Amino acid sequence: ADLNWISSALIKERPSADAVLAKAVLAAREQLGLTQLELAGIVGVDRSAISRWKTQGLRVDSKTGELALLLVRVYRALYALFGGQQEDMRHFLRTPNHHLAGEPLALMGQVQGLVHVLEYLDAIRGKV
């Protein structure tokens, strides 16, 4: 309709996928209480490329961005399972786990371990 448009044609700003991913993982890195080297060990960058994520945006199409999508999914599952309680989400990553056979953040340092941590959280979800 006339003015149905004049602020829907108003509030239609389009964000970039690379800039949203670069913003999401840096917010997930800090909420999960991870150091940047800890972040670099999971997605496969060094500290300099993380500084570049805010001038160019983490390429979603790349393999580095795919590991970041898994890491954001790990936060996403941890937030829902632990009711958004930050001290419990960080404790889960830093505490040795009986089911995952190790500390989840140490496992996330490798590709297969990150998948195993994510698949464990994705399986607890769906059951509750």
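Residue positions are given as counts along the sequence shown, with the first one as 1.
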{"query": "Mean C-alpha B-factor comparison - 29 to 37 and 71 to 79, higher one", "finding": "29 to 37"}
{"query": "Between the two ranges 111 to 119 and 9 to 17, the one averaging a larger CA B factor in the entry", "finding": "9 to 17"}
{"query": "Lowest, middle or highest third - CA B-factor, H99", "finding": "lowest"}
{"query": "Ranked against its chain, the third holding the CA B-factor of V60", "finding": "highest"}
{"query": "Relative C-alpha B-factor of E66, binned into the chain's lowest, middle or highest third", "finding": "middle"}
{"query": "Chain-relative CA temperature factor third for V45", "finding": "highest"}
{"query": "Relative C-alpha B-factor of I124, binned into the chain's lowest, middle or highest third", "finding": "lowest"}
